[PDB]
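One letter stands for each residue in the lines below.
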Amino acid sequence: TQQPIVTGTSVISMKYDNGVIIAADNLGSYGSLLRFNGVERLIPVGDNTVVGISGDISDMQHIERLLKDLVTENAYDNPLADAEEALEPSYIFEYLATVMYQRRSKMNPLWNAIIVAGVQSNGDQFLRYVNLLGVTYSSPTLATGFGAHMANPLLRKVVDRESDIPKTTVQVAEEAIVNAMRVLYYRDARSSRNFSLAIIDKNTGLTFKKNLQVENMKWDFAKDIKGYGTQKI
Amino acid sequence: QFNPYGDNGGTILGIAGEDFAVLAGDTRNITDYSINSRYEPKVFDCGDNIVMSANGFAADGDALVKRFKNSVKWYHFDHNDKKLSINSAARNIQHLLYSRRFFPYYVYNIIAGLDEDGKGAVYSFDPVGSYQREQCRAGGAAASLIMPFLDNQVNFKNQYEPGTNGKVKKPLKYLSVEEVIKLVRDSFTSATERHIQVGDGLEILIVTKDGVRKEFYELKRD
Amino acid sequence: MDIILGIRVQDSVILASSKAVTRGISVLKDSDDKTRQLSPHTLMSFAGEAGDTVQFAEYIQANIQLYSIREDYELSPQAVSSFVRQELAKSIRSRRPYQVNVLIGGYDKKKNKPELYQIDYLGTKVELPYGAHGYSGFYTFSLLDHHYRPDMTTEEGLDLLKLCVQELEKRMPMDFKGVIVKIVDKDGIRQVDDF
Amino acid sequence: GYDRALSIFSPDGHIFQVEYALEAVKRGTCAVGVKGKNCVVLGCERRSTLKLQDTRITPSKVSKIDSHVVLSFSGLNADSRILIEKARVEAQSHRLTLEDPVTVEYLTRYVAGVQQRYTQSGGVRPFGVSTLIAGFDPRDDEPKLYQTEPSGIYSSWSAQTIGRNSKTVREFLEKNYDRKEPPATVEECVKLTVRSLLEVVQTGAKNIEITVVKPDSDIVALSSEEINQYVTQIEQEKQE
Amino acid sequence: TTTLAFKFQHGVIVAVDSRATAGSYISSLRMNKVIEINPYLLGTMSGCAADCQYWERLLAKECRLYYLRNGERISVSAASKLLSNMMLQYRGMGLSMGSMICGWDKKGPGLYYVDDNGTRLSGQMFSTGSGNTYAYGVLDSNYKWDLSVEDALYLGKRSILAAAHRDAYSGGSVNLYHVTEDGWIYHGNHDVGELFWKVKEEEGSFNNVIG
Amino acid sequence: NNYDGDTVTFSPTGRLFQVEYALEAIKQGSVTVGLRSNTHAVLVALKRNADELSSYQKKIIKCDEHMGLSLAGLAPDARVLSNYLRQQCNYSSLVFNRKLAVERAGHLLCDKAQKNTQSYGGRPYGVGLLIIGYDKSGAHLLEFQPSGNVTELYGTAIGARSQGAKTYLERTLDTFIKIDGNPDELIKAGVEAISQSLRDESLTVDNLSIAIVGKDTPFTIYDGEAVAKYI
Amino acid sequence: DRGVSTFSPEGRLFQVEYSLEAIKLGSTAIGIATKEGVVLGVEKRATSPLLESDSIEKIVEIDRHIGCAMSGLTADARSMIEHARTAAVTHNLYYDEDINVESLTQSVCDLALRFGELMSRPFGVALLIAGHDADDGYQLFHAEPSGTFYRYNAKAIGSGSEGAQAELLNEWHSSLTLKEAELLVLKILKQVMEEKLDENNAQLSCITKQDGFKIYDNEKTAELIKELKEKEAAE
Amino acid sequence: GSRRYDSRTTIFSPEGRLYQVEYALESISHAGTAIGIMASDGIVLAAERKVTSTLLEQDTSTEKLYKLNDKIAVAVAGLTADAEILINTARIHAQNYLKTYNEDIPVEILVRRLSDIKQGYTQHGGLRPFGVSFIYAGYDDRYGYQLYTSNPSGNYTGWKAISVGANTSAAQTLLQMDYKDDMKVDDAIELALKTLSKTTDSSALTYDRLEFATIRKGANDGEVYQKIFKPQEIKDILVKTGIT
Ligand SMILES: *[C@@](C)(CO)[C@](*)(O)[C@H](Cc1ccccc1)NC(=O)[C@H](Cc1ccc(OC)cc1)NC(=O)[C@@H](C)NC(=O)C1=CC2=CCC=CC2=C1C
Ligand SMILES: [Mg+2]
């Protein structure tokens, strides 16, 4: 049993017609202190998977190393390591889910919420969630922390059910994700303007975008707001 | 302090027919007031004509089902591909649950299938491993909403024959698979109305001598 | 369990033990014998937490019986009491201590003397002319202090014991369902069937 | 730990260490067991090479395992103490867990099992001991007499002998003991047990020990004078 | 729950209810609270259902192994002791079990009470569970050694009924058993709803209740 | 001679005699044949009986839905090694949701057998195995020797008189590799291959044992009247 | 000296081969499987007339549906029987059913090769395990210390085994009745035994679906011996 | 591996003897003779030190006679170092018994415990046995005065008079001849010294070549006293009995 110290906030994601998108901001909070501003919380595994992690950063760095070691171990005595016997998103997720549930069963959890986004060998989209309790679930949209409360409602307006996935393009999906990140910056006190976004497509592969910023923000209406009720000046 | 348990909501229902059995459950997965998934399968085909659902804390539910599926696999290896009977599966599951008597699987488990005489069978379990064979059983969040309705409409409790005025009971006539599915759908539609954790979708697994069939129905998404 | 008494007279030791066993708000039994014969001339009564009492008593019984067979010889009441004390003193610092209080009544055939030992669950041993455990002594010791002589007969010891039980029955809020009385002397152990 | 396999098979299918343990039994003093109609008698040889012995304190050949069961032996003396101790512990352990004293058959099966375990465990040698176990089951008046040996096999006997010159006394028992009509009284049973030992013992003085076991935990050891009277009566009838 | 068991001239009666609760919710209307360990041995269940089923089914394993090793049926005294020793291993670990081991052996009919604390008591009459006080009331006033098999079965049945009526956590149905020297005999499942109205009319009892 | 008392001792020419003696146990064992195409992989095994009253010792063991083997030598050692494979196949599924690659299965068997050849007290395994399977890289056939050596092959045979079947497969190499999408013809080639190792005795209904795995075919064993088709 | 788990140049485990020689010295045990049941019979072989022959227990119950006969160093069988009984009842605990005869036999044979430098040597006893289950019906198995077990229609183990097995070769057919099998075991036992066969120095037993495993009384076997003598004198 | 170098200390010979026990007894037969004689009013322990030197400090030396507790003592024959291992174990066992039962340990119980330890080394562990034979002299209120002996086999027996070490055959014959049941301590002292004086391999028996001890009820009233004799006291008793 512990408590989280340095933390990362929401990770958001969604499926679209040819793949998946995942995003997360670059902040490492120390309670209310916005301590670290250059933290990457999306960690690619090969060219077909991106693991997005929220929660305790020290445990994230531990998980990051497990995945790096997993790639190394898979290549051992494996001539098809960069082909048929390469790591799949489902393999990577189930490994993490096994670790998370074992750790909670020893009353010593990895204090995280994880989303594994990727594309399988047969072109199928993969998107599944796992957390410190070992709880797992899948959905057309997935989000952690505040993202679950604010991002999912926006992303579910694009992909409300399974049948909406083939109708959703990468431009529309990316637009929805970017809008959600702006809304989180407005309303999540433990978020930052700077974020990273990753697209895993079955045709164009893995596109990893760094140093993105929330833009087109509405603040002008603030000038007119005065007092808390009766004040006019 | 770290709390190793959680509540993923959901509700399940098992009904045993004369020569069939059904195991139904909603597809909604939740934490607190949020929806995790509108479609997260909860009832599984475990092989040997047995269906299973572990309702409550999803992590423990997935672990138990995974271990039972494994137990079926090793039962084939160790005993010359012998079919695991529903009563044998039930007793095996008791020992899986009680192996964690002091750190329980937080789930209410139900299995369904056919007994060795070909008749419909449902077995129900508590988190620590008490089990028993039943005709009708609802489990999970809206279990208290559904069970009384099944006592009334499946076993004809408090129902008597007109004219006699309480002297002669309503006779216990058997129900068809079409009749049972109607009672299942109405049970979940009613549970969806009055329970916030129930909704999105309903998945039913029907077991007969021919095998395991699936049926899916939409539920209210609010 | 509750009340266990003991008195050492001229030529014998008398042990009185309640018959009641309670579980929840219901008296499950009113004829329970809270005692074990450790050897032909040594008797141990016991009282404490449910389950622990009998388990401890039978464990002691087994050890003394094992000793008797091995050496073809009966241990003195003093030797048995010391063995019992050590087991309790060992127990009190264990992960889960045995919450058992005992009286050991024995007749030493070598010295031709009756002996009564009082041992609590901590391993606190004392040799006494009369003894009790729990609240039993609060009601009875004033009577024993007054009436007790060391040259008393077994019959006089029983009469003084009746007076102690009568006082308990009057002033205790607890119904302990009477007592089973046993006498330990040179001829061995016998039960007083009418009391 | 020392794990060396000492008891192993040989090309001809023999476990020599178990067979050499039987040779140690052959060297041991003679022990005999005879069961009558309502009793069992255990006779034991005491070699008279050892005089100036203190017979009060010297370990007796017959040992009580419980109040209703006894055990005598032939072979290594030190080895027998280990079996006796284990048997005594098991007897109390059985009373404690099952609330009945051991049957003679159960106690025998346990002791035989200990002997067997020492024939296929690493780092240990077999017991150089064969035992005769006798007594009466609780609330039963049928006499019981069993034999065990280093290999771990056991069986019930109407009458049996073990130890040195056991071949001779067994020869005597086979022709003298009638199954249809066993020794009806204690006297007849003791007399037959003493007679059988007199074939081998040498002198009938302090060389013969007798222990009578009757039903309901009635076990007594005969004294020198009591045994000497049997020795006197036997030889006086023989002079004819 | 409510369970009872008593010895008498013609063996031992065993009667239990069939209700199971999870708080104030009635989780089960008909649960078997008796376990058949062997043709001459029964076991009642009160407390945690899981603990009762697991340990008593494990006792049956150990009682069965006794028969194979010794070629003879285990005594009621020995069976009850094995169970109490199991409870003593998990001492203070939180088990909740209250059972009566009922049977017939060489000493005649046998009845032992055993609970999670390790307590093991021999006796003629016992009753366990939340409704045991109501059952004892009827038993104590009507029990005799000279009871007929028919009257004895009714007493145990009527005693459970008394408890099922008053105790909120007891009810459903009554399961009866009769233990003889030829083994135990099941005397059926009796719904309390129907049994109550029947007893009321025939016996004249429960006058305060309207029907 | 002086260097064959245990597995921990090299001979002066660098040989391990206990391993070579374990290899000898395989040669005494009954013949079994393995072969594959691009779509399917087949095991064929000649079962051996004690006498006419006895049953015919089983030769083929299933490890997973997509993998299994045939044995030749000490049967109990095959049970130990197959049990290990069952666990490893199962560990891969439960932890990684991944079917175990046949090549990796061979590497695991090699390493398990090796430990028994370098340590004092233990002994080498006295059995040879032919592992077949279908994974993400298609059909596979492996030959396991208790020395630790594992080899991936198109076809092979082990056991008594196995040289005859091995020569046949070496001639037929170009033919049977091309038998794609035809399980019955691939089995025929295996039955014809194992027939080259027979003397005196012939293939009867309770003598022959066949197993197959492929693209849309789980590992299944055929015995009794199920193999009468191929006699 | 040499390792306990050592291979011979021929590819056999020395100790396993030597334990088989010990089994050849053991008393004869015969098993015959039919469609009406499986019969098990043994030679008691008392070393002396004072030895109470009824205490010789070479036929043993494992479960109600499984029996067992032994030959060789019979003391080694006790731990095997204990394991078998535990395995049989434990499976009944876990799965609420009878255990398959083959599965029970496999569990016993798993102990066999658990020896090294675990127990210090292999078992010096062979077992004939007979039983019945719903899947494969009436079965007879021969469990060796090698860890190998063969199923048999009929089998003899012990000192007169090869002579008895040759006799079982000719006599056994698939339409044998239970009564015919009983007389056949008695016939072959009488042939290979040193002493004259009677109810006191030989024992019969059987396993049927209805009545389960039963050891025959000496009075019941005596009649079957008398029935055998008359039918042999009939031609 | 290691098997090559294992002597196998715990095995039977073809004749059914324990090799190492027999060879240990052969070792003990070369050790200095120790004698024990039990009388009605006490026990005597007499023992011969092996070929000593004039420069050996005798008054502070102890190689034969050791004290286990106030009631029990032992005479040693064999390897002294081996004996001290066992002696310290026996001293601990006596104190364990006293702590448990609050009574002095009965002689036989202490003897059985040590003999069981010796037995263990002959049956398991693969270690050499202890090359030691003890004579136990002790008193308790059950059997009174008692003499026991134990040897490397772990077998123990009770005696009225007994010898261990060298020339036991000759010594036992002499003891068997002159011993009587109504004998007293002062007479037993004389018998012990006379027996050593005739069996000794030395030219003459002197004070510097002896260790001596008595266990007497010759203590003020109902109690027992152990007396380990000093060099000057051994010299006096040698003159008194008429040996020097
Ligand atoms: C009275 C009902 C007490 O109120 C009885 O004592 C009864 C005994 C009993 C019932 C069934 C089988 C054997 C014995 N006791 C209970 O039912 C018991 C009371 C209880 C609850 C909790 C604890 O601490 C853990 C101790 C005692 N109730 C249960 O065990 C409850 C938990 N059972 C269930 O909730 C339950 C739900 C369920 C669903 C499907 C199948 C079985 C189910 C059970 C047993
Ligand atoms: Mg709803």
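Residues numbered from 1 in each chain as written, not as in the entry; some residues may be left out. Chains lettered and ligands numbered in written order. Part of a larger assembly, values for the part shown. Heavy atoms only, no water.

Per the PDB entry, chain H goes by the name Proteasome subunit alpha type-3 and belongs to Saccharomyces cerevisiae. The title line of the PDB record says "Yeast 20S proteasome with mouse beta5i (1-138) and mouse beta6 (97-111; 118-133) in complex with epoxyketone inhibitor 18".

As annotated in the PDB entry, chain D carries the name Proteasome subunit alpha type-4 and is attributed to Saccharomyces cerevisiae.

To continue, consider the overall build of chain H. Counting secondary structure elements, chain H contains 6 helices and 10 strands. For 244 residues, the compact-globule estimate of 2.2 N^0.38 gives 18 Å, and the C-alpha radius of gyration of chain H, at 18 Å, lies within 12% of that figure. Taken along the three principal axes of its C-alpha coordinates, chain H extends 65 × 50 × 35 Å. Of the accessible surface of chain H, which amounts to about 10900 Å², a share of 49% is contributed by carbon and sulfur atoms. Taken together, the 28 basic and 31 acidic charged side chains of chain H have centroids lying 4 Å from each other. (Helix = DSSP H or I, 4+ residues; strand = E, 2+ residues; numbered from the N terminus. Rg over C-alpha atoms; globule rule 2.2 N^0.38 Å. Areas by Shrake-Rupley, 256 points an atom, 1.4 Å probe, with all protein chains shown as cover. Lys, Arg positive; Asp, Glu negative; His and termini not counted. Charge placed at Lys NZ, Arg CZ, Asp CG, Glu CD.)

The subject of this paragraph is the coordination of the magnesium ion (ligand 2). Bound to the magnesium ion (ligand 2) on the protein side are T192 of chain B (O) and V198 of chain B (O), at distances that span 2.7 Å. Of the two residues examined, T192 of chain B and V198 of chain B, each falls in the buried class. (Donors = N, O, S within 2.8 Å, 3.2 Å for Na, K, Ca; no water. Buried < 20%, exposed > 50% of the residue type's maximum accessible area, 1.4 Å probe, protein only.)

Further remarks concern the site of ligand 1. Around ligand 1, 18 residues are found, and the nearest of them are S130 of chain B together with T1, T21, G47 and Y169 of chain E. Between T1 of chain E and ligand 1, the recorded distance is 2.3 Å, taken from a side-chain N or O atom to an oxygen atom. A49 of chain E is positioned such that a nitrogen or oxygen atom in its backbone is 3.4 Å from an oxygen atom of ligand 1. For ligand 1, whose accessible area on its own is 840 Å², the fraction buried by protein is 79%. The greatest single-element share of the shell around ligand 1, amounting to 3 residues, is contributed by strand 3 (residues 20-22) of chain E. Here the residues of the shell around ligand 1 are counted per class, giving 7 nonpolar, 7 polar and 4 charged. (Near = heavy atom within 4 Å. Polar contact = N/O pair within 3.5 Å; in protein donor to acceptor, adjacent residues only side chain to side chain. Nonpolar A, V, L, I, M, F, W, Y, C, P; charged D, E, K, R; others polar.)

Turning our attention to the side chain of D51 of chain E. Relative to the helices and strands, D51 of chain E resides in helix 1 (residues 49-70). Note on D51 of chain E: relative accessible area 0%, which makes it buried.

This part is about the sheet that holds strand 3 (residues 63-66) of chain D. All names here are of chain D. Pairing is antiparallel in the open sheet, where 5 strands are placed in the order 3-4-5-6-7. Edge positions in the sheet fall to strand 3 and strand 7 (154-156), since each of these pairs with one other strand and no more. Averaged over all adjacent pairs, the angle separating strand axes in this sheet is 25°, with direction ignored. Taken together, the 5 bridges between strand 5 (residues 129-135) and strand 6 (residues 144-148) define a ladder with antiparallel strand orientation. Looking at the pairing, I133 lines up with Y146 of strand 6. Lying on the sheet, helix 2 (residues 77-98) is in contact with strand 3, strand 4 (69-75) and strand 5; it crosses strand 3 at an angle near 25°. Those strands touched by helix 3 (residues 104-117) are strand 3, strand 4, strand 5, strand 6 and strand 7, and its axis lies near 5° from that of strand 6. (Pairing = 2+ DSSP bridges. Axes fitted to C-alpha atoms, helices over the stretch in contact; angles between N-to-C directions. Contact = heavy atoms within 4.5 Å.)

Here the focus is the interface of chain D and chain H. Each partner contributes to the interface: chain D provides 31 residues, whereas chain H provides 41 residues. Both sides of the chain D and chain H interface together cover about 3000 Å² of buried area, and 55% of this is carbon and sulfur. On inspection of chain D and its partner chain H, the count reaches 2 salt bridges. With a shortest N-O distance of 2.8 Å, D116 of chain H and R81 of chain D are connected by a salt bridge. For the side of chain D that touches chain H, the secondary structure elements donating two or more residues are helix 1 (16-27) and helix 2 of chain D. Broken down by element, the residue count for the side of chain D that touches chain H peaks at 6 residues, all from helix 1 of chain D. Split into classes, the residues belonging to the side of chain D that touches chain H amount to 16 nonpolar, 6 polar and 9 charged. (Buried area = accessible area lost by both parts, 1.4 Å probe. Salt bridge = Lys/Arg side-chain N within 4 Å of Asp/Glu carboxyl O.)

Take the nonpolar core next. All names here are of chain B. Counting residues in each nonpolar core, the largest one holds 49 residues, and the members touching the most others are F68 and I111. Looking at which element gives the most residues to this core, the answer is helix 1 (residues 58-78), with 7 residues. Leaving out residues up to four positions away in the same chain, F68 has contacts with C46, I50, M52, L84, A89, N92, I93 and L96. (Core = buried A, V, L, I, M, F, W, Y, C linked by side-chain atoms within 4.5 Å.)

A separate point is the pairing of strand 9 (residues 125-131) of chain A. Residues and elements named next belong to chain A. In terms of burial, strand 9 is a largely internal element, 6 of the 7 residues being buried. Relative to strand 9, strand 8 (residues 112-119) is paired through 7 bridges, and the arrangement is antiparallel. Within strand 9, the position partnered with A117 by the bridge is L127. Relative to strand 10 (residues 136-138), strand 9 runs antiparallel, the two sharing 3 bridges. Looking at the pairing, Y129 lines up with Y137 of strand 10. The antiparallel pairing of strand 9 with strand 10 creates a hairpin that spans 4 residues between the two strands, and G134 there sits at a positive phi of about 80°.

This paragraph deals with the packing of aromatic side chains. In total, this model carries 43 aromatic pairs over all chains according to the counting rule given. With a centroid separation of 4.2 Å and an interplanar angle of 10°, the aromatic rings of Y129 of chain A and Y137 of chain A are classed as stacked. Under the relative-accessibility criterion, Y129 of chain A is labelled buried at 8%. A ring pair is formed by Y177 of chain E and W184 of chain E, whose centres lie 5.7 Å apart and whose planes are at 70°; its orientation type is edge-to-face. According to the relative accessible area criterion, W184 of chain E is partly exposed, its value standing at 24%. (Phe/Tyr/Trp six-rings, centres within 6.5 Å; stacked < 30°, edge-to-face > 60°.)

Applying the stated criterion across every chain yields a total of 0 disulfides over all chains. The closest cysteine sulfur to the non-disulfide-bonded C102 of chain E is located on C63 of chain E, 13 Å from its own sulfur. For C102 of chain E, a relative accessible area of 0% gives the class buried. Free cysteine: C206 of chain G, not disulfide-bonded; nearest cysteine sulfur from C68 of chain G at 15 Å. The buried category is assigned to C206 of chain G, whose relative accessible area is 7%. (Disulfide = S-S within 2.5 Å.)

This brings us to the arrangement of the chains. Across the 15 pairs of chains in contact, the largest number of contacts is found between chains D and H. In this structure chain C stays clear of chain F, and the shortest span between their C-alpha atoms is 38 Å. Between chain E and chain H there is no contact, and the shortest C-alpha to C-alpha separation is 26 Å.

Residue and element names in this part refer to chain G. Along strand 4 (residues 66-72), 7 of the 7 residues are buried, which leaves the element largely enclosed by surrounding structure. Direction of pairing for strand 3 (residues 59-63) relative to strand 4: antiparallel, over a ladder of 4 bridges. For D63, the partnering residue across the bridge sits in strand 4 and is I66. The turn linking strand 3 back onto strand 4 is made up of 2 residues. Relative to strand 5 (residues 125-133), strand 4 runs antiparallel, the two sharing 7 bridges. By the bridge assignment, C68 is partnered in strand 5 with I129.

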